[PDB]
Amino acid sequence: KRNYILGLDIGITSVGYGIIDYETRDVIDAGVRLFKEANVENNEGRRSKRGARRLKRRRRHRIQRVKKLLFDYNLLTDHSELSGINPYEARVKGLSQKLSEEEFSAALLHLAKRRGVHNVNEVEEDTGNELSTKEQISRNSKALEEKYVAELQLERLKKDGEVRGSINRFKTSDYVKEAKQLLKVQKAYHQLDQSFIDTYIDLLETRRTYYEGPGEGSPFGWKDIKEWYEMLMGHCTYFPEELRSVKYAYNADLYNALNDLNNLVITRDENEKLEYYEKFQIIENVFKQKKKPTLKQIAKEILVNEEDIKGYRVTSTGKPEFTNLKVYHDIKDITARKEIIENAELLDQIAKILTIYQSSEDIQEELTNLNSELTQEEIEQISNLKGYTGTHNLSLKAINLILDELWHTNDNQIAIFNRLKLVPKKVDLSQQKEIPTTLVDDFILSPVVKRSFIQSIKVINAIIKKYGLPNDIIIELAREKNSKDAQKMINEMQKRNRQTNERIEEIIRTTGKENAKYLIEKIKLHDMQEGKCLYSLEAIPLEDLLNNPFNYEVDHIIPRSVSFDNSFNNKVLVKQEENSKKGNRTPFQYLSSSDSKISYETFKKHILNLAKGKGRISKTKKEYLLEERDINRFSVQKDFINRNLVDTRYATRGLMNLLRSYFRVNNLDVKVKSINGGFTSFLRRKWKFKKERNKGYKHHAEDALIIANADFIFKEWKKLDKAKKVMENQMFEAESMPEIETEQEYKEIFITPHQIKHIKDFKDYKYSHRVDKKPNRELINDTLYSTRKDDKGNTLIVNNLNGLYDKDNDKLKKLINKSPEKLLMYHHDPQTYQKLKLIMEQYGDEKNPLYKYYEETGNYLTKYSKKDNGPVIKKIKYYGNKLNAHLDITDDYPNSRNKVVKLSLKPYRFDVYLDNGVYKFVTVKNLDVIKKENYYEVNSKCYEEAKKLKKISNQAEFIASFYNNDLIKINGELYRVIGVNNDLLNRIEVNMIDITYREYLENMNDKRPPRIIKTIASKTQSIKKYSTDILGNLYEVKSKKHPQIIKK
Amino acid sequence: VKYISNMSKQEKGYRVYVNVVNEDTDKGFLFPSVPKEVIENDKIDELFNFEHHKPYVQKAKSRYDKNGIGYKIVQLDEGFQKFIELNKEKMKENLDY
RNA sequence: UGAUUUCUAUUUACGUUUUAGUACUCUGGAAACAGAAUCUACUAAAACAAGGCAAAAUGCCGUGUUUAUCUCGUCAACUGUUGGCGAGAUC
């Protein structure tokens, strides 16, 4: 039960934990929990396919309902036939003559199939054919000023020969007019009720609105407007009764703006912060008068200079980032009536209307039903507003409370949240045994960091359960957002390092030595300052620098005592005397003193001109050099430590707040802290714990252990206690008695490798892998294929070739030059193939010869025709591969002459049996699972057939079953299961646990295939099942013979 | 002994540096903003009342004739008013005054 | 060394393939058309992750998240054997 300093490293695929003894500094344990990287693309695809299924089913059911209606009024029977009925001709004929029952109902069904668009406003950008949907419908309707849709369709069919395509886009209003005229004249001969005509018109021009949602029985649906509204906004994380506000509300905008304002620091003879009256004057005279605020306006507001102002949020380029007033200025540019624009409740209601309502007429009617002073034409102008989406973190009640607290004090959101220490009240943390994991779900985080937080939280839960409540917990979160952002950063790092290496090679070729490679830091610093010291402005020659650097020291601008910043933005290559006279001082606190060189105004001019010069000075460094504040105060140390030592990112902030709140609710005195990444990077560098990391998963634990030691150091020195009291937000009694002063004290307390060897030489790590057992995964590949059975008995898959008139599509030339017998026109249309080959031999110079042919002649290829009236070729079918594994769907297609299949049956698991002393196994594919109402059942018939496939006897003693990453042990060697490679050959694919096999081969520079395939047959000694904890402790597994069939 | 070691004219006042130096210790006090009414009237009695950084403590120099900026260092009892004349031009060189 | 966006709702016009018709081509032919292939196009009906619900319905679910195995079992769903919430146990 020994108290330990728990250390966590949270990444996108790993959670590394390190348990270190509190008072002896020895390593108790260290492990890594692994998990696949979550991705929003999977959910996005599932949602898109669900919507597509909804659309298809709705259209089919609408057609079935029209069919039932026609069967009611005897417009059809169960014996009719419409084989030869072309619905277009009969539909244009119904406008002027009599239609038979068979001719009528076909036109009615063909109308009910494609019925146009109700609201032209909502449209996607899925137009490769360069045509706006709204614009296409408008042009068609302009061509329909004196025509019905049936007339236009049939005349286009008679003129060109095409009806379907991107030109058949109409709006429902016009189809409804045509159907109404048809019913009008057609009513005379067939007995049709007025209510029947109304029912058909309803079935034609009715669609679900975006607020009704799905019907009854759907778990995603609702009952009325209140339920949909509550579901869209969601309950507040703090207030269960009050729902969240819109992201672009008025109160939320003002809250963010005042947070920005309270983050200000102004060098004036008055208070350096912002007072109440000044803030209100700013809101009225600057924020309410200009849409996008600038630093210049806020500067000239209070009679100060923009250059004297510091501490403002920045954009990517270097411009100030101040919160703009969205709703206020979007309304003021329509009406300046003070009663309408000023009333905060009216603007909040307008925001809530514009956000959750999107169709123009509904916005109009629900602003009209917001009874107030609001006029009517103002509603007309407001309806056409754009860009009101998003949901705010907190509710409007908490918004107003924090708004009062922000107006009256000088704190920001961080400081207010740390002060009042409000607890998440969704799930009560008091009568909950373990850490609540559902609290992470309410937070608005990406599923990647959400999964990582759930995993880290459950790891902390297991650690607490198996070892007791800790004393100190420390957590570091990775810089990478996803894998692609990590790759962006890696690419930029390699590119910048290559450029610095090439510049260093140029310098070394200039002077001549290997001496330039060792001076990198200094030489780059000098480079960013045009060979000039900053404290004294004396010239720093590069030749002298290469020769004898010892007089040119890399001084830290803000002392390491308080700043903790060791980044590139905190170094200045200076004369030795300037550094010797600087000491534990800031350039503001030194340059104006006696010991220093040239005064501070000249330096300010030089550094502000250098910051504007070619971006050679970072914004952080520019703020560092001009720190005119007293670092001896507590506020400045708090700011520095919170910025460059604590993870101020919202994700780590929320994880911290959750852990601290749960620990404080149960009155369990446990201190948790978060640490900045660059600080741990400097530690790992100067410790030389491991300069290069290629050993494998173990690295993820290592850093954790490291930061644990970091927390250790923050307990072993009374001087550092202040930092320990800031990294945890623990109340400190004006104390300021103990401190760390000389930067050499920083070097001694931090750089000194205390207990580093025991962290290096550890060889008893642990590893835990994640098991994905959820069935109903991706079953089959989505694309659908046809097959042709050639003279060779093997069946052949037909692949299609699209877009024959692009410019970078040489696939047709490739197919004609490699082996033309793969094309189908070779065997079934040799004349057109000869014409195509002539064109190919004609235009070898161009990449796609057919495109150049079409651009030079204006006619894309025509089929061979005696009268030269053949059709157009747009896609070409060509042979592919054999048909080894496939899902046959011939039963769905009627009397097909070719078998229709889909490819790549995705496997789900595999069950290992032992028959008469030889090991066999049955691969359960994802198709073999039926989803009966959240009850997943393995098909007994298909499973028995799969058993029969391997000739598995009945007396075969069932050994075990294996899902993804369920640990297996064969012949005595332990591996993790990647999955079935080729079930027909009794092969599985496994991998190592402590390292990827690719890296295991890259360590020894082996060129063997980086994947391990094992064969399960008589050539196998034993097969055993092994799992692991969520901490990494290995365990055997009772088979529970009779493998799992039912899945909840 | 208190020496006026460096001065810098600002828009609304003067930045002052004062070294209180005993036999073996030099304590540097930086006053970022001193009102112009106190500077132009040689009101050296109001030095400490203005806000200042914590004193930087170092070993005492042998003498305090000339600092790095070449300004002539004067004693605080002589007043900043005379310092304003000592090196007005040298201060004009480096943009303070 | 250099700062939050999840979940969900509506609809359109495409696309893939089968069947049928037509156009195109190729056999015996003045012709009717007798006949072969389904390459290349147009139109219509239908299927479009396997399937499972439901009974005239602006009908529903099916590629997302959590996923440490298996025990005594209390109390539960159920077409008999798995899921909370606990006690427990691992070559």
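None of the figures in this text is laboratory data; all of them are computed from the coordinates on show. For neighbour counting, all protein chains shown are included, and Cβ atoms are generated from backbone atoms with ideal geometry for every residue, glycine included.
For the residues A:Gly1032, A:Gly979, the requirement of being among the small types (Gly, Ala, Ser), within 30 Å of the chain's Cα centre (by Cα) and in a loop (DSSP other than H, G, I, E, B) singles out A:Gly1032. Out of A:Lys517, A:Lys488, A:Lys495, one residue alone is in contact with a helix residue (DSSP H, G or I) (Cβ under 7 Å, 6 or more places away or on another chain), surrounded by fewer than 16 Cβ atoms within 10 Å (Cβ to Cβ) and not in a loop (DSSP other than H, G, I, E, B). It is A:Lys517. Among the residues that make up the range A:976-984, is at least one of them away from RNA strand C (no atom under 14 Å from the Cβ), touching a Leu at 6+ places or on another chain (Cβ under 6 Å) and not polar (S, T, N, Q)? Within the range A:976-984 (the criterion being away from RNA strand C (no atom under 14 Å from the Cβ), touching a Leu at 6+ places or on another chain (Cβ under 6 Å) and not polar (S, T, N, Q)), the answer is no, since none of the residues qualifies. The set of residues in the range A:643-684 being in a helix (DSSP H, G or I), surrounded by 20 or more Cβ atoms within 10 Å (Cβ to Cβ), in contact with a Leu (Cβ under 7 Å, 6 or more places away or on another chain) and not hydrophobic (A, V, I, L, M, F, W, C) consists of A:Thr652, A:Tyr662. Looking at this structure, is A:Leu573 among the hydrophobic types (A, V, I, L, M, F, W, C) and away from chain B (no Cβ under 14 Å)? So A:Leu573 passes the test. The residues of the range A:112-130 that are surrounded by 11 or more Cβ atoms within 10 Å (Cβ to Cβ) and near RNA strand C (Cβ under 9 Å from one of its atoms), listed by number, are A:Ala112, A:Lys113, A:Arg114, A:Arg115, A:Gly116, A:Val117, A:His118, A:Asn119, A:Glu122, A:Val123, A:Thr127. Determine whether A:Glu476 is of a type in the set (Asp, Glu), more than 11 Å from RNA strand C (Cβ to nearest atom) and touching a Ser or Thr at 6+ places or on another chain (Cβ under 8 Å). In short, yes.
Among the residues of the range A:445-460, are any small (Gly, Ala, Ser), touching a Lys or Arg at 6+ places or on another chain (Cβ under 9 Å) and surrounded by 16 or more Cβ atoms within 10 Å (Cβ to Cβ)? Can you show your working first?
Residues of the range A:445-460 that are small (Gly, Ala, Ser), as a first pass: A:446, A:452, A:456.
Filter again for touching a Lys or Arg at 6+ places or on another chain (Cβ under 9 Å), leaving A:446, A:456.
In the following step, the residues that additionally are surrounded by 16 or more Cβ atoms within 10 Å (Cβ to Cβ) were identified as A:456.
There is at least one residue in the range A:445-460 that is small (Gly, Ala, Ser), touching a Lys or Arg at 6+ places or on another chain (Cβ under 9 Å) and surrounded by 16 or more Cβ atoms within 10 Å (Cβ to Cβ).
Among A:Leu99, A:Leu69, which is closer than 20 Å to A:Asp198 by Cβ, among the hydrophobic types (A, V, I, L, M, F, W, C) and more than 9 Å from RNA strand C (Cβ to nearest atom)?
Values: A:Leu69 fails: more than 9 Å from RNA strand C (Cβ to nearest atom).
Selected residue: A:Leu99, the only one of A:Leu99, A:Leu69 that is closer than 20 Å to A:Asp198 by Cβ, among the hydrophobic types (A, V, I, L, M, F, W, C) and more than 9 Å from RNA strand C (Cβ to nearest atom).
Over 22 Å from B:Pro32 (Cα atoms) and within 14 Å of chain B (Cβ to nearest Cβ) - does that describe any residue in the range A:608-627? Checked against the condition, which is being over 22 Å from B:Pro32 (Cα atoms) and within 14 Å of chain B (Cβ to nearest Cβ), the range A:608-627 yields at least one hit. Within the range A:200-219, if we keep just the residues that are within 6 Å of RNA strand C (Cβ to nearest atom) and among the charged types (D, E, K, R), the residue that is nearest to A:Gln186 (Cα to Cα) turns out to be A:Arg207. Pairing each residue of the range A:679-705 that is more than 14 Å from every other protein chain (Cβ to nearest Cβ) with any residue that is among the hydroxyl-bearing types (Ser, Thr, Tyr) and within 11 Å of RNA strand C (Cβ to nearest atom), provided the two are 6+ apart or on different chains, yields C-beta distances under 9 Å for A:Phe682/A:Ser567; A:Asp703/A:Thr680. Return yes when A:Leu394 is surrounded by 17 or more Cβ atoms within 10 Å (Cβ to Cβ) and either of a type in the set (D, E, K, R) or under 30 Å from A:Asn263 (Cβ atoms) (or both) and no when it is not. Yes; evaluated as a whole, the condition is true for this residue. Any residue that is surrounded by 15 or more Cβ atoms within 10 Å (Cβ to Cβ), under 36 Å from the mean Cα position of the chain (by Cα) and within 16 Å of RNA strand C (Cβ to nearest atom) - is there at least one of those in the range A:1005-1026? The answer is yes; a qualifying residue exists.
With respect to the conditions (1) part of a loop (DSSP other than H, G, I, E, B); (2) within 14 Å of chain B (Cβ to nearest Cβ), A:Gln637 lacks only one, and its number is (1).
Matching residues to (1) in a helix (DSSP H, G or I); (2) more than 30 Å from A:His754 (Cα to Cα):
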| position | (1), (2) |
| --- | --- |
| A:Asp29 | no, no |
| A:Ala38 | no, yes |
| A:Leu95 | no, yes |
| A:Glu103 | yes, yes |
| A:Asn119 | no, yes |
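Taking first residues from the range A:953-965 that are among the charged types (D, E, K, R) and partners that are surrounded by fewer than 20 Cβ atoms within 10 Å (Cβ to Cβ), the Cβ contacts under 9 Å between residues at least 6 apart in sequence or on separate chains come to A:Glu957/A:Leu914; A:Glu957/A:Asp915; A:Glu957/A:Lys1041. Counting only helices (runs of 4 or more DSSP H) that sit completely within the range A:126-201, those holding 3 or more residues that are among the hydrophobic types (A, V, I, L, M, F, W, C) correspond to A:149-159, A:172-186. Looking only at residues in the range A:581-599 that are among the charged types (D, E, K, R) and either within 13 Å of B:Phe29 (Cα to Cα) or more than 7 Å from chain B (Cβ to nearest Cβ) (or both), the one that is nearest to the chain's Cα centre (by Cα) is A:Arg585. Screening the range A:699-798 for helices (runs of 4 or more DSSP H) wholly inside it with 2 or more residues that are among the hydrophobic types (A, V, I, L, M, F, W, C) and more than 14 Å from RNA strand C (Cβ to nearest atom) returns the ranges A:721-726. The lone criterion from (1) surrounded by 22 or more Cβ atoms within 10 Å (Cβ to Cβ); (2) outside any strand (DSSP E or B); (3) charged (D, E, K, R) left unmet by A:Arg46 is number (1).
Check the range B:54-67 and report whether any residue there is in a strand (DSSP E or B), hydroxyl-bearing (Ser, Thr, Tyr) and closer than 24 Å to A:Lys581 by Cα. Yes. Within the span defined as the range A:389-396, one or more residues are part of a helix (DSSP H, G or I) and more than 23 Å from the chain's Cα centre (by Cα).
Could you list all residues from the range B:1-36 that are out of contact with any strand residue (DSSP E or B) (no Cβ under 6 Å at 6 or more places or on another chain), more than 8 Å from chain A (Cβ to nearest Cβ) and either of a type in the set (A, V, I, L, M) or in a loop (DSSP other than H, G, I, E, B) (or both)? Working first, answer last.
Quick first cut of the range B:1-36, residues out of contact with any strand residue (DSSP E or B) (no Cβ under 6 Å at 6 or more places or on another chain) only: B:9-12, B:21-25.
Retained after the next criterion (residues that are more than 8 Å from chain A (Cβ to nearest Cβ)): B:9-11, B:21-25.
Passing the criteria: B:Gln10, B:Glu11, B:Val21, B:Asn22, B:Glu23, B:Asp24.
Condition check for A:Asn566 on (1) surrounded by fewer than 21 Cβ atoms within 10 Å (Cβ to Cβ); (2) away from RNA strand C (no atom under 12 Å from the Cβ); (3) closer than 27 Å to A:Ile749 by Cβ: one failure, at (2).
Restricted to the range A:138-187, and to residues that are away from RNA strand C (no atom under 14 Å from the Cβ) and polar (S, T, N, Q), which residue is farthest from the other protein chains (Cβ to nearest Cβ)?
Pass one, the range A:138-187, residues away from RNA strand C (no atom under 14 Å from the Cβ): A:142-148, A:151, A:177, A:180-187.
Those still in the list that are polar (S, T, N, Q) too: A:181, A:186.
Working: A:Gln181: 82, A:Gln186: 90 Å.
Residue satisfying both the conditions and the ranking: A:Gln186.
One residue stands out in the range B:68-97 among those that are more than 24 Å from B:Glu11 (Cβ to Cβ) and assigned to a loop (DSSP other than H, G, I, E, B): the one that is farthest from the other protein chains (Cβ to nearest Cβ), namely B:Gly70.
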